[PDB]
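Participant: Questions regarding the structure given below will be posed in turn.
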Amino acid sequence: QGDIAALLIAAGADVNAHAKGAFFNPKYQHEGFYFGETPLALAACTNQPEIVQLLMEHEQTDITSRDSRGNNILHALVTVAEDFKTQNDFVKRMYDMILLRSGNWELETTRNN
Amino acid sequence: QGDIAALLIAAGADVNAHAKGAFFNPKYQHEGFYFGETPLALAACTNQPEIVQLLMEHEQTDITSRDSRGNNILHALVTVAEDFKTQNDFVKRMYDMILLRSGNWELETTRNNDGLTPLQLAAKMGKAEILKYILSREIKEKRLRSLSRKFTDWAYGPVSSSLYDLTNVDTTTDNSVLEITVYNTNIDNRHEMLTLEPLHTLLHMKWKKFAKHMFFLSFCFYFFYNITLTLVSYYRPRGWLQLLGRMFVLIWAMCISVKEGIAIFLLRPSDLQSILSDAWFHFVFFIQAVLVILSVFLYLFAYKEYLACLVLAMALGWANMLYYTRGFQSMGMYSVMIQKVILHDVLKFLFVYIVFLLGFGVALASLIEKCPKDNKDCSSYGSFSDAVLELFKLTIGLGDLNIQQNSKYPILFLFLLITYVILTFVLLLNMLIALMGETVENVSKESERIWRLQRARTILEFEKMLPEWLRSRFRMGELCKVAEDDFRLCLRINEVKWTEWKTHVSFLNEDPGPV
Amino acid sequence: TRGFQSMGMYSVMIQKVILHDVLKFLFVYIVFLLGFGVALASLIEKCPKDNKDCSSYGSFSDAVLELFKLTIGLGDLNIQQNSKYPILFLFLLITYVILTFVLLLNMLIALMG
Ligand code: NA
């Protein structure tokens, strides 16, 4: 819901909330879905470029935010990324879009736990 | 003629007429066309959705009408339905349209004169396309959702879990889709029908619960059965502590004989292919078991032929070990490869080889002079039996080739020997390897499904051996699929698909986390 | 053999052939080899006091050795053994040849292809 999410951010929604729940960090690949536990990464991993652009343009968004695993936005895309037969190369395009928006090597050189 | 039929209905045409003629109910598929003998089914089976919609909207139309066979509209579509290469999936679309219009489970649960539901009829007639749709059926539109067989309880992004209805697809009922699709003998697409989402997972879930342990337990009992049988036969006289092992073989042979005696009886094998594709191991196990019983019967009498039957039990008993190769994908696919190789190539090769073996055997032995009074072993091709034995050893590369036989035409005798080598060693033996490679390529792309089909037969047999109790290894319990007191036994399957990216508004539980 | 493309690709071909086909072939062959070894040695009468080498299938070890040589085409096939059922003894020998020489040995070449 891009239109609904757009007005929530203007209303004062926390764009840096971390979903540290058990479902968002599953031990396996069947009882949960890991995406980075952040709204910026959730839109990135769900093939929602419009929300990603809106979130990145926001001044309060922390692009270099680290989750419980220590993963940044780029790390979450790598884990989420799959083969071309499964994913329509949207992660690769999303990886380029987010990296260019930051325009720095800090995000690329970040190390997780 | 949709326009012509439209005014006929308004004029007072009977929309429930039954065409009970011989042509509309043919005995075969060439002298008639069966469609349900009703105008509602005729338009459905002839790909005429406009007439079907007009007929269904009519107040006098009886959707749940039954023909002489007891078939309803849904049954007629199942019989009419064919493969995708023949029919443009119009039956599947027509099946959905008619079922949604009725909006009730009465039509789906109706049984014909054979006591088969439309869901069961698809498995009985091997309609994989119809069975796939019904087993995995989701109705997105509201106001009618209990008719679905597939439900997604929760979904979060690409990860979602699906629940497949198992009220009529399980071993709990007397006759179900799973039982039919495995024990069917009138269809040749069972391995394709077992690849469906609910059927494939249901077999896998029960395989790892009880079937895996019972299969290993059966192997251990049979392995010890042959080990003990081999030792007593090999170490036979030519005591008081090892007597328990000897009684085990006799008792276990009776158990196999009784179990295989009824298993073949209830299977009702009619076609030759069914023997080699569904009951080959039901006979050789029975034959091996009765040979031990026969040997014991002859042992207590004065007949010395008990040893001959005892040896046959040993050779056949160890040969029966290849049945237990299933359960393992690598060994199971290897075993099903042997069956195709034997029937397609080995049996065909042996028939021609014997003709050449026996054909040259009489010829070579014909031009053999009688041995002199001094040397009585002048020629190794003395008789027909000797000639075949020498040629048989020649084919397998054993012994020495002595062409200095007592033949009155040594050049002619050698000419036939070289011809036999070219026909057998060069032509028949070498071509068999090439021919099997063609069959290996054709089977390797489908041998995996065949092994699962053979393995699935074992799962059902083991489950039937279970008593009335101990049946606590079923699937997930009752789930509130619909708030109107609709609880169904469902199987949970989780799938991930980064393709459509839809909005989940047709779920059962808001919370995605399992609980 | 690695370092050379021709020899290196040949070596990795051996590993797949051994695991996928050779090991699978040997397991079935041993069952037939040992299964017929006990059977053939079972119907062998004791040698007379005059000739102590009446039959080459004297024991289980001898029976397997003769069948092993039969599979590889070594020695001579002497069916005039001291068997109380020569027809049955020859029946198992021919069955072993069909199962091994005709079926198992030939199918291995096709499967590896
Ligand atoms: Na040789």
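Residue numbering restarts at 1 in every chain; chains get A, B, ... in the order shown in the structure tokens, and ligands count up from 1 in that same order.
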Residues within 9 Å of ligand 1, counting only C-alpha atoms and all ligand atoms: report them as JSON, numbers by chain.

Facilitator: {"B": [394, 396, 397, 398, 399, 400], "C": [70, 72, 73, 74, 75, 76]}

Participant: Would you export the selected residues with N, CA and C atoms as a PDB file, in the first residue's frame, please?

Facilitator:
```pdb
ATOM      1  N   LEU B 394      31.748 -69.982 -26.125  1.00  0.00           N
ATOM      2  CA  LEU B 394      32.365 -69.074 -27.086  1.00  0.00           C
ATOM      3  C   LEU B 394      31.809 -67.664 -26.943  1.00  0.00           C
ATOM      4  N   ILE B 396      30.517 -66.200 -24.251  1.00  0.00           N
ATOM      5  CA  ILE B 396      30.956 -65.576 -23.008  1.00  0.00           C
ATOM      6  C   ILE B 396      32.471 -65.559 -22.863  1.00  0.00           C
ATOM      7  N   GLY B 397      33.208 -65.959 -23.893  1.00  0.00           N
ATOM      8  CA  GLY B 397      34.660 -65.910 -23.855  1.00  0.00           C
ATOM      9  C   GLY B 397      35.311 -66.841 -22.855  1.00  0.00           C
ATOM     10  N   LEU B 398      34.838 -68.080 -22.763  1.00  0.00           N
ATOM     11  CA  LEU B 398      35.416 -69.075 -21.874  1.00  0.00           C
ATOM     12  C   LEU B 398      35.937 -70.258 -22.679  1.00  0.00           C
ATOM     13  N   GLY B 399      36.993 -70.881 -22.165  1.00  0.00           N
ATOM     14  CA  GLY B 399      37.601 -72.012 -22.828  1.00  0.00           C
ATOM     15  C   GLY B 399      38.510 -71.600 -23.971  1.00  0.00           C
ATOM     16  N   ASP B 400      38.872 -72.596 -24.774  1.00  0.00           N
ATOM     17  CA  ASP B 400      39.746 -72.405 -25.919  1.00  0.00           C
ATOM     18  C   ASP B 400      39.024 -72.828 -27.190  1.00  0.00           C
TER      19      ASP B 400
ATOM     20  N   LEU C  70      34.052 -66.377 -14.238  1.00  0.00           N
ATOM     21  CA  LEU C  70      33.073 -66.458 -15.316  1.00  0.00           C
ATOM     22  C   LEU C  70      32.670 -65.069 -15.795  1.00  0.00           C
ATOM     23  N   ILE C  72      34.415 -62.243 -15.685  1.00  0.00           N
ATOM     24  CA  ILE C  72      35.507 -61.583 -16.394  1.00  0.00           C
ATOM     25  C   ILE C  72      36.033 -62.408 -17.559  1.00  0.00           C
ATOM     26  N   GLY C  73      35.384 -63.518 -17.891  1.00  0.00           N
ATOM     27  CA  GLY C  73      35.786 -64.324 -19.031  1.00  0.00           C
ATOM     28  C   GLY C  73      37.138 -64.991 -18.906  1.00  0.00           C
ATOM     29  N   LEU C  74      37.442 -65.561 -17.745  1.00  0.00           N
ATOM     30  CA  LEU C  74      38.691 -66.275 -17.526  1.00  0.00           C
ATOM     31  C   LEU C  74      38.410 -67.731 -17.182  1.00  0.00           C
ATOM     32  N   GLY C  75      39.334 -68.601 -17.577  1.00  0.00           N
ATOM     33  CA  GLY C  75      39.193 -70.018 -17.329  1.00  0.00           C
ATOM     34  C   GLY C  75      38.260 -70.694 -18.316  1.00  0.00           C
ATOM     35  N   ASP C  76      37.888 -71.922 -17.972  1.00  0.00           N
ATOM     36  CA  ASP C  76      37.005 -72.736 -18.791  1.00  0.00           C
ATOM     37  C   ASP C  76      35.758 -73.096 -17.996  1.00  0.00           C
TER      38      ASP C  76
END
```

Participant: Give me, as JSON, numbers by chain, the residues of chain B touching chain A, with the criterion being at most 12 Å (counting only C-alpha atoms).

Facilitator: {"B": [154, 155, 156, 157, 158, 159, 160, 161, 162, 492, 493, 494, 495, 496, 497, 498, 499, 500, 501, 502, 503, 504, 511, 512, 513, 514, 515]}

Participant: Could you save those same residues with C-alpha atoms as a compact mmCIF listing (two decimals), in the first residue's frame?

Facilitator:
```txt
# COMPACT_ATOMS: atom_id res chain seq x y z
CA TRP B 154 -1.32 -16.79 6.49
CA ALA B 155 0.96 -15.00 4.05
CA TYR B 156 3.78 -12.48 4.53
CA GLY B 157 5.43 -11.22 1.37
CA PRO B 158 6.72 -14.08 -0.79
CA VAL B 159 6.55 -16.64 2.04
CA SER B 160 3.10 -18.19 2.45
CA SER B 161 1.63 -21.40 3.85
CA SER B 162 -1.14 -23.36 2.13
CA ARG B 492 0.26 -27.56 5.72
CA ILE B 493 2.55 -26.71 2.79
CA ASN B 494 4.76 -23.61 2.75
CA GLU B 495 5.80 -22.10 -0.58
CA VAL B 496 7.90 -19.08 -1.58
CA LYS B 497 7.34 -17.33 -4.91
CA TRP B 498 8.87 -13.98 -5.89
CA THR B 499 6.72 -13.70 -9.02
CA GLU B 500 3.31 -12.05 -8.62
CA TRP B 501 3.62 -9.83 -5.51
CA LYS B 502 -0.09 -9.67 -4.76
CA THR B 503 -1.94 -8.25 -1.76
CA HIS B 504 -3.02 -10.95 0.71
CA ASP B 511 -0.77 -13.39 12.37
CA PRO B 512 1.77 -14.98 9.98
CA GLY B 513 3.74 -16.73 12.73
CA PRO B 514 2.88 -20.40 13.17
CA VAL B 515 1.19 -21.36 16.43
```

Participant: Near residue 237 (chain B), counting only C-alpha atoms, which residues have an atom at most 12 Å away, once you skip same-chain residues fewer than 3 positions from it, shown as number ranges by chain?

Facilitator: B: 231-234, 307; C: 42, 45-46

Participant: Residues of chain B near chain C: apply a cut-off of 8 Å, count only C-alpha atoms, and supply the list as a ChimeraX atom specification.

Facilitator: /B:230,233-234,307-308,311-312,314-315,318-319,322,331,334,341-342,346,393,396-400,432-434,436-437,440

Participant: Can you tell me how far CA of residue 16 (chain C) sits from CA of residue 438 (chain B), in Å to one decimal?

Facilitator: 20.6 Å

Participant: For CA of residue 51 (chain B) and CA of residue 2 (chain B), quote the distance in Å rounded to one decimal.

Facilitator: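 Computing it gives 6.1 Å between the two atoms.
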
Participant: Which distance in Å separates CA of residue 462 (chain B) and CA of residue 180 (chain B), to one decimal?

Facilitator: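 A separation of 16.0 Å between them.
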